[PDB]
Structure formats: structure tokens, C-alpha cells
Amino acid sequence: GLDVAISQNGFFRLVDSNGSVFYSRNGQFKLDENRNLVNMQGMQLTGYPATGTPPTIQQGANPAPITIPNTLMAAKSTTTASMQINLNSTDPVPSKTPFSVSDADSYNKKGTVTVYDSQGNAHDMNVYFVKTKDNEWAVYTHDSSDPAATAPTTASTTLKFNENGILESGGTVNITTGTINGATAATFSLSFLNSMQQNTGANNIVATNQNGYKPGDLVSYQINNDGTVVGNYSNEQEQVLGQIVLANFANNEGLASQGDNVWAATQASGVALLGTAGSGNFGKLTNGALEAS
């Protein structure tokens, strides 16, 4: 049961099953089976919808019943990843050829970045650096999570460093994962931005990142103090679901009582003028609410 209060002026904007619009400062709502937020009389709380991916609020749409779906948040397939490596200029060119993922002396360094496909399976992508000549390093990649993968035989790219050790070419390359449990592979741009070749040191990965994630179950939802409604999911991600609209009238004394501190607009009240908590005419909600699903 959500309890949300208006600190200063304004009313929540509600609708009944016929679409007639009403107003109330009562902030007692329960999530019903249709995933709407409803007061004790069944009227639905309204606000701006969220659309797109990532979802965003459309403040120019007509207000409609807020929904808090329990639909899982879809996996996002990785399309970018990065690895920042410091490579040692004094490293040997490996004598053991060819390169093999199972031959630890056929490469100079292995790193790993875990990426995700459209279905949300993890692919632990191993990245191998093989010094070929002064200042140049072949890069192989391999999906270690794919039990039916091919052995890489050809470098994905070659990093070339200038005399000061700054990466001058070969720093971005398109990688495709293996196909796990039928799912279509992730295809992503792998960047080695900020990698350098040190005059001396040991091969070391300083940072990695990637922009995908697994699917998430709804763990909790919340109303922020500006009325934005946000879902929190089990994949450590969030999605905006909508934003509560508030209403003010030129004359509150003209509003028609429906009982149960619900009100209707009249000629005497003027038209409802709409906005959001914490902007323009309206103070923030006193707090908002956070509720486990």
C-alpha cells in the first residue's frame, strides 16, 4: 500500500472506469490486478507515460492511468565494451606459435570482459595480446562461455603504439560472440581507448566496461519526490514507468465535492492546470514511497 502526500498546493488527478476526471489530495493507493494505482473507491491515479528504450517520460502526452507492470526488464545485448591495458614494451615476441588459447606461452597477456546477448546469457570474452614486433600487438578474442566455439586463428585487430607509447591505430574492432542456447550472438564494438605501452612494467588490465546486462525481475518500485515512478530490478538496473501529474485550480472553493475528499472541476473552480511535483506551481511530494513488489 503506497502512501504519498502533497506537501504544498495541488491535487492528484484520478479517473473512474468511464474516464471522468477527478481530483484528490488523498495519497492512499494500492496496486490492483491491472497494475494501476487505485484509491479506496477504485479511481486510478494518472500521470505521464514512459515510452522508448531506455524508457523516458513524455511530458507532452495526455495524462493516463499510471501502470507499474510486473513484466521482467528485458536483457540488453552488448553493443559496446572496452578494455584499457598497459602493455610492457620490453616483452618478448612469443617463440611458441601459433597462437592458441590453451597454450599460455603463445601469448603475452589474457584479459576478460563479460558481455551479454539479447536473451541475457553471459559470454566471458577472453582477449589475448600477442606481441608481433616492436610497438605492435595482435589481439585475439574468444568466447570462453561457448562450449562449441572455434579456436581463433586470425587476430581481430592489431594495436600499434607510437614512440611515446600512445595508441595510434587498431584500437576499435567489431566482435561477435558465440551462439549459446540458440540465442542470437552479441555483436559489439570493442575499444582499447587509453591503452598504452609503458617503457617498463608488467602487462596489466586497468579497466573494463560494457553496456549490456542480464534480465531483471521487479524487486521494488518507488515514487520519487517529483512524482516519477521507477522500477528497481534484480539485474541492478532501473526503468522509469511514468510520472504522476498534479493539478491546481484558480478557485479551490468552487470544486464540487464527490465525497471521500474527491473533487470535480466546475465552471466556478476553473479548469485544472497541470504540472509536476517540484516544478512551477507545485512543491515536491513530502517524501515519495518505496515498496517491495
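Note that residue numbering follows the sequence shown and begins at 1.
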Greater mean Cα temperature factor according to the PDB record, 109-117 or 156-164: 156-164
Per the entry, higher mean C-alpha B factor between 174-182 and 76-84: 174-182
Out of 71, 89, 194, 220, residue topping the C-alpha B-factor column of the entry: 71
Selection by C-alpha B-factor (highest) of 142, 123, 96, 131: 96
Chain thirds of CA B-factor: placement of residue 55: highest
Chain thirds of CA B-factor: placement of residue 29: highest
B-factor third for the C-alpha atom of residue 47 within its chain: lowest
Residue 199 CA temperature factor, ranked by third within the chain: lowest
Where the record places residue 261 (Cα B-factor, split into thirds across the chain): highest
